[PDB]
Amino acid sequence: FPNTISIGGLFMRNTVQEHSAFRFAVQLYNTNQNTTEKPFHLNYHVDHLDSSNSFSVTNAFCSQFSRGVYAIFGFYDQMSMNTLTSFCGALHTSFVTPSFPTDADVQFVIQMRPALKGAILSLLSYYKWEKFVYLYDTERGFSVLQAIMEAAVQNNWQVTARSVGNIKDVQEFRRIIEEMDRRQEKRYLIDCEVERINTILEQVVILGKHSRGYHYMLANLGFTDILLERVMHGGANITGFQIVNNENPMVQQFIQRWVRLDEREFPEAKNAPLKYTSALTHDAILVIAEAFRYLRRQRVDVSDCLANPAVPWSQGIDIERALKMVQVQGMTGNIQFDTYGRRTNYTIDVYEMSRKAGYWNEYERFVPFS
């Protein structure tokens, strides 16, 4: 079994903190005082993608594939997802990612981010939301959008859906809200990126008269990066979701070390709050280390991109299977995967604003406190 295991890193625009968390988590793997948990040296090479254009992406992936990495950590967006997942599946190279989980059932993709739709549907049912507005963009896929479409037909809900992903004019959010007032709409599910949630919420405040009596359910695991003090002042209910529990001592002890790190060597660790995607990045390194320690224990053997007679990687299958079978405790709770690399047996914490109102998991569904 090798002395060194090398992994790839594919990073996008605006993943600076995650890059830092990645470098730091690897360093924690390598400086562990316990020799049993560190039987090989963990090493890496990183590429940054200026864009998600298909050529740029393929070039980057193949340069790393050619170096001989044993797995690849990285990010995709709506534009690059299909290229990365397709090359990984064809070349048997496991891609570990904290990006949004895919719609399709693919091989060789470990999705660190749990799905939200189960929790969202449970809370729609628990709050009895049978008439509501659903503002969405497509940047985290279509998974939630379709679950909501299907449930609306099946339950006879009046959902007014509006696709806000392309709006560059903040005045146009106002025109949408004013329209929804004419229909008496007080309940809003907002399935957007964080920055767009903040934009939308600023318009709610500035426009005015849109707090007391209203309820915004924010379907995004980046709850703690959402600026929502101005909306709460008016009296609005807000429901949110998190997967990082701050009272968890593992998170606490990680944070303690994290905030001491130098601004040059590890940017966005002092000056910025910990994003949930940097927590998933930390947990990706736990999962990768655990899988390779497992392979060493099983005594499994491990060792050109655009070949026309493309030769499959023999050992890739064991690496995939090893990553999928890990059970580890991380900053995002219990971490396990099903056969399509999706998180299973996870917990989503539900926040009502500022108490934790309950938790959701796959078996119990939504359990409220009190």
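Start at 1 with the first residue shown and count on from there.
A.B. asks: Establish whether the other compared PDB entries of this protein leave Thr31 unmodelled at least a third of the time.
C.D. replies: Looking at the other entries that model residues on either side of it, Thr31 is present in every one.
A.B. asks: When the other structures of this protein are compared, and only where the residues around it are present, is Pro312 absent from a third or more of them?
C.D. replies: Per the records, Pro312 goes unmodelled in at least a third of the other entries.
A.B. asks: From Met12 on to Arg13, does the model leave out none, 1 to 3, 4 to 9, or 10 or more residues of the deposited sequence?
C.D. replies: Per the record, no deposited residues are absent between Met12 and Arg13.
A.B. asks: Might you work out how many residues are unmodelled in the deposited sequence between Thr36 and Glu37, and answer none, 1 to 3, 4 to 9, or 10 or more?
C.D. replies: None; the chain is continuous from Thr36 to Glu37.
A.B. asks: Going by the mean C-alpha B-factor recorded in the entry, which is higher: 121 to 129 or 244 to 252?
C.D. replies: Looking at the record's C-alpha B-factors, the answer is 244 to 252.
A.B. asks: For the higher mean C-alpha B factor in the entry, choose 21 to 29 or 351 to 359.
C.D. replies: Higher mean C-alpha B-factor in the PDB entry: 351 to 359.
A.B. asks: So among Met217, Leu207, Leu221, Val96, who wins on Cα B-factor in the entry?
C.D. replies: Checking the PDB record, the top C-alpha B-factor among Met217, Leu207, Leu221, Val96 is at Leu207.
A.B. asks: If you check the C-alpha B-factor for each of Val57, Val326, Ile317, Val311 in the entry, which is highest?
C.D. replies: Max CA B-factor in the entry, restricted to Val57, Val326, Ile317, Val311: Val311.
A.B. asks: Divide the modelled residues of the chain into thirds by Cα B-factor and specify which third, lowest, middle or highest, holds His48.
C.D. replies: Ranked within chain, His48 CA B lands in the highest tercile.
A.B. asks: Going by the CA temperature factor in the PDB record, which third of the chain does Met331 belong to: lowest, middle or highest?
C.D. replies: Ranked within chain, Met331 CA B lands in the lowest tercile.
A.B. asks: Lowest, middle or highest third: where is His41 by C-alpha B factor in its chain?
C.D. replies: Its C-alpha B-factor belongs to the middle third of this chain's values.
A.B. asks: Considering only modelled residues of the same chain, in which third does the CA B-factor of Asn271 rank: lowest, middle or highest?
C.D. replies: Ranked within chain, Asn271 CA B lands in the highest tercile.
A.B. asks: Quick one: classify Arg257 as lowest, middle or highest third of the chain based on its Cα B-factor.
C.D. replies: It belongs to the highest third of the chain when residues are ordered by C-alpha B-factor.
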